[PDB]
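Visitor: One file is attached below, entry-v5.pdb, containing PDB, C-alpha atoms (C1' of nucleotides).
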```
ATOM      1  CA  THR A  27      15.829 -16.292  21.833
ATOM      2  CA  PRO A  28      14.062 -14.970  18.713
ATOM      3  CA  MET A  29      17.261 -14.241  16.784
ATOM      4  CA  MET A  30      18.583 -17.715  17.593
ATOM      5  CA  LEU A  31      15.269 -19.241  16.485
ATOM      6  CA  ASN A  32      15.390 -17.185  13.253
ATOM      7  CA  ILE A  33      11.985 -15.597  13.885
ATOM      8  CA  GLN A  34      11.159 -12.821  11.412
ATOM      9  CA  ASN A  35      10.087 -10.149  13.903
ATOM     10  CA  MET A  36       9.643  -6.939  11.912
ATOM     11  CA  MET A  37       7.360  -4.021  12.682
ATOM     12  CA  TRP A  38       5.932  -3.914   9.141
ATOM     13  CA  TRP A  39       5.493  -7.717   9.084
ATOM     14  CA  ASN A  40       3.916  -8.732  12.412
ATOM     15  CA  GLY A  41       4.144  -5.532  14.467
ATOM     16  CA  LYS A  42       6.883  -6.964  16.702
ATOM     17  CA  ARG A  43      10.582  -6.246  17.091
ATOM     18  CA  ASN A  44      13.397  -7.957  18.963
ATOM     19  CA  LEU A  45      14.281  -6.316  22.272
ATOM     20  CA  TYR A  46      18.061  -6.802  21.958
ATOM     21  CA  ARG A  47      18.490  -4.594  18.881
ATOM     22  CA  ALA A  48      19.121  -0.849  18.783
ATOM     23  CA  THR A  49      16.238   1.520  18.110
ATOM     24  CA  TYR A  50      18.377   3.764  15.873
ATOM     25  CA  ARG A  51      21.002   2.497  13.417
ATOM     26  CA  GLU A  52      23.097   5.296  11.937
ATOM     27  CA  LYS A  53      24.024   3.233   8.866
ATOM     28  CA  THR A  54      22.379  -0.034   7.863
ATOM     29  CA  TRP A  55      24.269  -3.298   7.494
ATOM     30  CA  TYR A  56      24.676  -2.750   3.747
ATOM     31  CA  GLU A  57      26.217   0.673   4.384
ATOM     32  CA  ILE A  58      28.587  -0.866   6.931
ATOM     33  CA  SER A  59      29.413  -3.712   4.536
ATOM     34  CA  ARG A  60      30.314  -1.467   1.607
ATOM     35  CA  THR A  61      34.006  -0.921   2.376
ATOM     36  CA  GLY A  62      35.131   0.841  -0.796
ATOM     37  CA  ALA A  63      33.111   3.825   0.421
ATOM     38  CA  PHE A  64      34.750   3.491   3.863
ATOM     39  CA  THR A  65      38.418   2.646   3.180
ATOM     40  CA  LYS A  66      41.043   4.068   0.829
ATOM     41  CA  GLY A  67      40.761   1.568  -1.991
ATOM     42  CA  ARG A  68      40.496   3.983  -4.908
ATOM     43  CA  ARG A  69      38.355   6.867  -3.645
ATOM     44  CA  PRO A  70      40.037  10.238  -3.065
ATOM     45  CA  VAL A  71      39.842  11.406   0.527
ATOM     46  CA  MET A  72      40.648  15.162   0.523
ATOM     47  CA  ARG A  73      38.462  17.054  -1.939
ATOM     48  CA  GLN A  74      40.175  20.387  -1.258
ATOM     49  CA  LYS A  75      42.728  21.234  -3.960
ATOM     50  CA  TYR A  76      44.841  24.088  -2.634
TER      51      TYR A  76
ATOM     52  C1'   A B   1     -86.200 -25.174 -29.091
ATOM     53  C1'   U B   2     -80.866 -24.720 -28.547
ATOM     54  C1'   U B   3     -76.108 -23.561 -28.978
ATOM     55  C1'   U B   4     -69.169 -20.594 -30.724
ATOM     56  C1'   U B   5     -65.063 -28.199 -29.589
ATOM     57  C1'   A B   6     -60.255 -29.803 -26.904
ATOM     58  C1'   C B   7     -55.100 -28.408 -27.331
ATOM     59  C1'   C B   8     -51.178 -25.274 -28.762
ATOM     60  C1'   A B   9     -47.889 -18.589 -28.602
ATOM     61  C1'   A B  10     -44.172 -15.339 -28.104
ATOM     62  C1'   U B  11     -39.741 -10.090 -23.948
ATOM     63  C1'   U B  12     -39.304  -6.618 -25.250
ATOM     64  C1'   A B  13     -36.698   0.876 -26.428
ATOM     65  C1'   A B  14     -35.643   2.771 -19.854
ATOM     66  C1'   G B  15     -40.331   7.278 -16.360
ATOM     67  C1'   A B  16     -36.800  11.053 -13.003
ATOM     68  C1'   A B  17     -29.207  13.767 -11.455
ATOM     69  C1'   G B  18     -32.199   6.228  -8.106
ATOM     70  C1'   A B  19     -24.185   7.372  -9.732
ATOM     71  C1'   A B  20     -19.090  11.394  -8.674
ATOM     72  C1'   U B  21     -15.727  17.445  -4.440
ATOM     73  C1'   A B  22     -16.378   8.780  -6.889
ATOM     74  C1'   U B  23     -12.599   3.365  -7.814
ATOM     75  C1'   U B  24      -7.345   2.077  -8.400
ATOM     76  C1'   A B  25      -2.152   3.627  -9.244
ATOM     77  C1'   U B  26       0.200   8.356  -9.331
ATOM     78  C1'   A B  27       2.802  14.086  -5.272
ATOM     79  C1'   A B  28       9.595  12.130  -2.827
ATOM     80  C1'   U B  29       7.906  19.516   0.885
ATOM     81  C1'   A B  30       3.719  17.371   6.802
ATOM     82  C1'   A B  31       3.858  14.105  10.890
ATOM     83  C1'   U B  32       4.231  12.829  19.767
ATOM     84  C1'   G B  33       0.034   7.892  19.599
ATOM     85  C1'   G B  34      -6.515  11.827  14.950
ATOM     86  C1'   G B  35     -11.427  11.002  17.880
ATOM     87  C1'   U B  36     -16.429  15.586  17.554
ATOM     88  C1'   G B  37     -21.809  14.930  22.135
ATOM     89  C1'   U B  38     -15.363  17.856  24.013
ATOM     90  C1'   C B  39     -15.062  20.380  28.999
ATOM     91  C1'   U B  40     -10.175  19.766  36.796
ATOM     92  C1'   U B  41      -7.926  15.525  39.624
ATOM     93  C1'   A B  42      -1.570  12.389  37.984
ATOM     94  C1'   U B  43       1.424   8.030  44.434
ATOM     95  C1'   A B  44      -2.916   6.761  39.864
ATOM     96  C1'   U B  45      -0.840   8.442  32.075
ATOM     97  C1'   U B  46       7.459   5.622  31.921
ATOM     98  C1'   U B  47       9.940   1.251  27.015
ATOM     99  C1'   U B  48      14.440   1.692  27.034
ATOM    100  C1'   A B  49      19.299  -2.801  25.013
ATOM    101  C1'   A B  50      25.767  -2.493  19.036
ATOM    102  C1'   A B  51      22.110  -8.112  15.731
ATOM    103  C1'   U B  52      17.621  -8.489   8.410
ATOM    104  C1'   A B  53      14.899  -4.084   8.977
ATOM    105  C1'   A B  54       8.119   0.126   8.345
ATOM    106  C1'   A B  55      16.057   2.304   6.890
ATOM    107  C1'   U B  56      14.853  -3.054   1.620
ATOM    108  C1'   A B  57      21.471  -3.951  -2.134
ATOM    109  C1'   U B  58      23.453  -2.207 -10.781
ATOM    110  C1'   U B  59      26.790  -8.777 -13.884
ATOM    111  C1'   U B  60      27.558 -14.461 -15.589
ATOM    112  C1'   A B  61      34.364 -15.240 -12.392
ATOM    113  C1'   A B  62      37.149 -17.743  -8.480
ATOM    114  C1'   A B  63      35.547 -20.075  -4.120
ATOM    115  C1'   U B  64      34.489 -23.139   0.374
ATOM    116  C1'   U B  65      31.157 -27.513  -0.826
ATOM    117  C1'   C B  66      28.066 -34.915  -1.672
ATOM    118  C1'   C B  67      22.705 -30.134  -6.655
ATOM    119  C1'   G B  68      28.864 -23.488  -5.731
ATOM    120  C1'   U B  69      21.509 -20.246  -2.718
ATOM    121  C1'   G B  70      26.968 -16.169  -4.906
ATOM    122  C1'   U B  71      29.570  -9.644  -7.910
ATOM    123  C1'   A B  72      32.997  -5.255  -5.386
ATOM    124  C1'   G B  73      33.597   3.088  -3.890
ATOM    125  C1'   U B  74      31.390   5.461  -8.426
ATOM    126  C1'   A B  75      31.663   9.573  -6.884
ATOM    127  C1'   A B  76      33.561  11.022  -0.946
ATOM    128  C1'   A B  77      26.497  15.344   2.217
ATOM    129  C1'   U B  78      25.692  14.194  -5.198
ATOM    130  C1'   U B  79      20.259  15.212  -7.438
ATOM    131  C1'   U B  80      16.892   7.279  -5.900
ATOM    132  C1'   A B  81      14.415  10.981  -2.505
ATOM    133  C1'   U B  82       8.775   7.071   1.949
ATOM    134  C1'   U B  83       5.973  11.348  -1.106
ATOM    135  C1'   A B  84      -0.098  13.271  -0.209
ATOM    136  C1'   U B  85      -6.744  17.624  -0.655
TER     137        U B  85
END
```
Output the file's structure in the form of structure tokens.
Guide:
Amino acid sequence: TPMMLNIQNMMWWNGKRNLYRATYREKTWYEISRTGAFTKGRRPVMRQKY
RNA sequence: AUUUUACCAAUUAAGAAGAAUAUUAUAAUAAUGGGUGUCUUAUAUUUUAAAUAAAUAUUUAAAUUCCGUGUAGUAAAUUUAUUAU
């Protein structure tokens, strides 16, 4: 398995890509990782001020 | 009458489009694989899968550990955005 072997298969690097990944990723791993922008740590959640 | 010894020296101003829709970086608005001298026929032209990836991250702490390979929303669609004869 390429991921197990730690093979750097990237389209801009060698023109290859692993077949077990998803073609479209809505938000990258960094976007998923950043939790302060996802949870209610300090950010306000309802911008409407009635 | 006859006849001028042997050897030794040096590179510089360039005659005429015989040099530009040029070379490199730079545009954050396009994009189904560009192919001209091409020019029916689609049983014969199908590439999809939750993972670090043509998507790429503002600090020195603590901390697992026999050389600590290491830092968080900054604004919630907010303007750092892969641009372009």
Visitor: Can you pull out every residue within 12 Å of region 14-31 of chain B, counting only C-alpha atoms (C1' of nucleotides), but drop anything in the same chain fewer than 2 positions away, and send it as a list in words?
Guide: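 Answer for this query is residues 12, 33, 34, 80, 81, 82, 83, 84 and 85 of chain B.
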Visitor: Could you write out that same residue set with C-alpha atoms (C1' of nucleotides) as a PDB file, in the frame of the given file?
Guide:
```
ATOM      1  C1'   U B  12     -39.304  -6.618 -25.250  1.00  0.00           C
ATOM      2  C1'   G B  33       0.034   7.892  19.599  1.00  0.00           C
ATOM      3  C1'   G B  34      -6.515  11.827  14.950  1.00  0.00           C
ATOM      4  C1'   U B  80      16.892   7.279  -5.900  1.00  0.00           C
ATOM      5  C1'   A B  81      14.415  10.981  -2.505  1.00  0.00           C
ATOM      6  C1'   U B  82       8.775   7.071   1.949  1.00  0.00           C
ATOM      7  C1'   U B  83       5.973  11.348  -1.106  1.00  0.00           C
ATOM      8  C1'   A B  84      -0.098  13.271  -0.209  1.00  0.00           C
ATOM      9  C1'   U B  85      -6.744  17.624  -0.655  1.00  0.00           C
TER      10        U B  85
END
```
Visitor: Got a sec to pull out which chain B residues are within 9 Å of chain A, counting all atoms listed in the file, and send them as a count of residues only?
Guide: 13
Visitor: Give the padded box for region 10-16 of chain B as JSON: axis-aligned, covering all atoms listed in the file, 6 Å on each side, centre and edge lengths in Å to one decimal.
Guide:
```
{"center_x": -39.9, "center_y": -2.1, "center_z": -20.6, "size_x": 20.5, "size_y": 38.4, "size_z": 27.1}
```
Visitor: May I ask for the distance between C1' of residue 64 (chain B) and CA of residue 28 (chain A), given in Å to one decimal place?
Guide: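 We find that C1' of residue 64 (chain B) and CA of residue 28 (chain A) lie 28.6 Å from each other.
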Visitor: Just to confirm, what's the straight-line distance from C1' of residue 47 (chain B) to CA of residue 42 (chain A) in Å (one decimal)?
Guide: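 Distance reported for this atom pair: 13.5 Å.
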Visitor: Do a neighbour search on residue 62 (chain B) at 12 Å with all atoms listed in the file, toss out local chain neighbours closer than 6 positions, and write the hits as a PyMOL selection string.
Guide: chain B and resi 68+70-71
Visitor: Take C1' of residue 67 (chain B) and CA of residue 31 (chain A) and report the distance between them in Å, one decimal.
Guide: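 One can read the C1' of residue 67 (chain B) to CA of residue 31 (chain A) distance as 26.6 Å.
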Visitor: With N, CA and C atoms as the goal, would you fill in the gaps in region 27-52 of chain A and present it as a PDB file, in the coordinates of the input?
Guide:
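Listing of result08.pdb after writing:
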```pdb
ATOM      1  N   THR A  27      15.450 -17.579  22.400  1.00  0.00           N
ATOM      2  CA  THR A  27      15.829 -16.292  21.833  1.00  0.00           C
ATOM      3  C   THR A  27      15.317 -16.183  20.396  1.00  0.00           C
ATOM      4  N   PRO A  28      14.631 -15.082  20.069  1.00  0.00           N
ATOM      5  CA  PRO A  28      14.062 -14.970  18.713  1.00  0.00           C
ATOM      6  C   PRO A  28      15.112 -14.975  17.615  1.00  0.00           C
ATOM      7  N   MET A  29      16.218 -14.254  17.804  1.00  0.00           N
ATOM      8  CA  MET A  29      17.261 -14.241  16.784  1.00  0.00           C
ATOM      9  C   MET A  29      17.854 -15.630  16.597  1.00  0.00           C
ATOM     10  N   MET A  30      18.084 -16.349  17.698  1.00  0.00           N
ATOM     11  CA  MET A  30      18.583 -17.715  17.593  1.00  0.00           C
ATOM     12  C   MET A  30      17.594 -18.598  16.844  1.00  0.00           C
ATOM     13  N   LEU A  31      16.303 -18.454  17.142  1.00  0.00           N
ATOM     14  CA  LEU A  31      15.269 -19.241  16.485  1.00  0.00           C
ATOM     15  C   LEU A  31      15.009 -18.807  15.050  1.00  0.00           C
ATOM     16  N   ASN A  32      15.571 -17.679  14.618  1.00  0.00           N
ATOM     17  CA  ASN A  32      15.390 -17.185  13.253  1.00  0.00           C
ATOM     18  C   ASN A  32      13.943 -16.760  13.010  1.00  0.00           C
ATOM     19  N   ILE A  33      13.345 -16.109  13.998  1.00  0.00           N
ATOM     20  CA  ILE A  33      11.985 -15.597  13.885  1.00  0.00           C
ATOM     21  C   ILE A  33      12.034 -14.236  13.210  1.00  0.00           C
ATOM     22  N   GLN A  34      11.223 -14.069  12.170  1.00  0.00           N
ATOM     23  CA  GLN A  34      11.159 -12.821  11.412  1.00  0.00           C
ATOM     24  C   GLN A  34      10.239 -11.864  12.164  1.00  0.00           C
ATOM     25  N   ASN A  35      10.802 -11.168  13.148  1.00  0.00           N
ATOM     26  CA  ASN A  35      10.087 -10.149  13.903  1.00  0.00           C
ATOM     27  C   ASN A  35      10.410  -8.784  13.310  1.00  0.00           C
ATOM     28  N   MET A  36       9.475  -8.244  12.532  1.00  0.00           N
ATOM     29  CA  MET A  36       9.643  -6.939  11.912  1.00  0.00           C
ATOM     30  C   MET A  36       8.360  -6.146  12.102  1.00  0.00           C
ATOM     31  N   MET A  37       8.515  -4.845  12.348  1.00  0.00           N
ATOM     32  CA  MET A  37       7.360  -4.021  12.682  1.00  0.00           C
ATOM     33  C   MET A  37       6.349  -3.979  11.544  1.00  0.00           C
ATOM     34  N   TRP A  38       6.814  -3.945  10.299  1.00  0.00           N
ATOM     35  CA  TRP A  38       5.932  -3.914   9.141  1.00  0.00           C
ATOM     36  C   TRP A  38       5.416  -5.293   8.753  1.00  0.00           C
ATOM     37  N   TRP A  39       5.898  -6.354   9.395  1.00  0.00           N
ATOM     38  CA  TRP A  39       5.493  -7.717   9.084  1.00  0.00           C
ATOM     39  C   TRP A  39       4.490  -8.274  10.082  1.00  0.00           C
ATOM     40  N   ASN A  40       4.817  -8.245  11.375  1.00  0.00           N
ATOM     41  CA  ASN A  40       3.916  -8.732  12.412  1.00  0.00           C
ATOM     42  C   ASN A  40       3.766  -7.744  13.562  1.00  0.00           C
ATOM     43  N   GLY A  41       4.285  -6.525  13.424  1.00  0.00           N
ATOM     44  CA  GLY A  41       4.144  -5.532  14.467  1.00  0.00           C
ATOM     45  C   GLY A  41       5.035  -5.736  15.668  1.00  0.00           C
ATOM     46  N   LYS A  42       5.975  -6.672  15.605  1.00  0.00           N
ATOM     47  CA  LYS A  42       6.883  -6.964  16.702  1.00  0.00           C
ATOM     48  C   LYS A  42       8.302  -6.566  16.317  1.00  0.00           C
ATOM     49  N   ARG A  43       9.175  -6.538  17.319  1.00  0.00           N
ATOM     50  CA  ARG A  43      10.582  -6.246  17.091  1.00  0.00           C
ATOM     51  C   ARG A  43      11.387  -6.809  18.251  1.00  0.00           C
ATOM     52  N   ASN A  44      12.548  -7.378  17.933  1.00  0.00           N
ATOM     53  CA  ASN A  44      13.397  -7.957  18.963  1.00  0.00           C
ATOM     54  C   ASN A  44      13.824  -6.880  19.951  1.00  0.00           C
ATOM     55  N   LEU A  45      13.951  -7.266  21.219  1.00  0.00           N
ATOM     56  CA  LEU A  45      14.281  -6.316  22.272  1.00  0.00           C
ATOM     57  C   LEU A  45      15.779  -6.119  22.460  1.00  0.00           C
ATOM     58  N   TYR A  46      16.617  -6.921  21.805  1.00  0.00           N
ATOM     59  CA  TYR A  46      18.061  -6.802  21.958  1.00  0.00           C
ATOM     60  C   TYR A  46      18.709  -5.935  20.888  1.00  0.00           C
ATOM     61  N   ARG A  47      17.941  -5.462  19.910  1.00  0.00           N
ATOM     62  CA  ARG A  47      18.490  -4.594  18.881  1.00  0.00           C
ATOM     63  C   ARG A  47      18.515  -3.144  19.362  1.00  0.00           C
ATOM     64  N   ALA A  48      19.084  -2.280  18.530  1.00  0.00           N
ATOM     65  CA  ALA A  48      19.121  -0.849  18.783  1.00  0.00           C
ATOM     66  C   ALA A  48      18.007  -0.147  18.016  1.00  0.00           C
ATOM     67  N   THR A  49      17.350   0.787  18.701  1.00  0.00           N
ATOM     68  CA  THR A  49      16.238   1.520  18.110  1.00  0.00           C
ATOM     69  C   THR A  49      16.670   2.351  16.909  1.00  0.00           C
ATOM     70  N   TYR A  50      17.847   2.965  16.969  1.00  0.00           N
ATOM     71  CA  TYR A  50      18.377   3.764  15.873  1.00  0.00           C
ATOM     72  C   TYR A  50      19.682   3.158  15.382  1.00  0.00           C
ATOM     73  N   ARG A  51      19.791   2.990  14.066  1.00  0.00           N
ATOM     74  CA  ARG A  51      21.002   2.497  13.417  1.00  0.00           C
ATOM     75  C   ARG A  51      21.474   3.571  12.448  1.00  0.00           C
ATOM     76  N   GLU A  52      22.632   4.168  12.736  1.00  0.00           N
ATOM     77  CA  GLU A  52      23.097   5.296  11.937  1.00  0.00           C
ATOM     78  C   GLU A  52      23.250   4.904  10.473  1.00  0.00           C
TER      79      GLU A  52
END
```
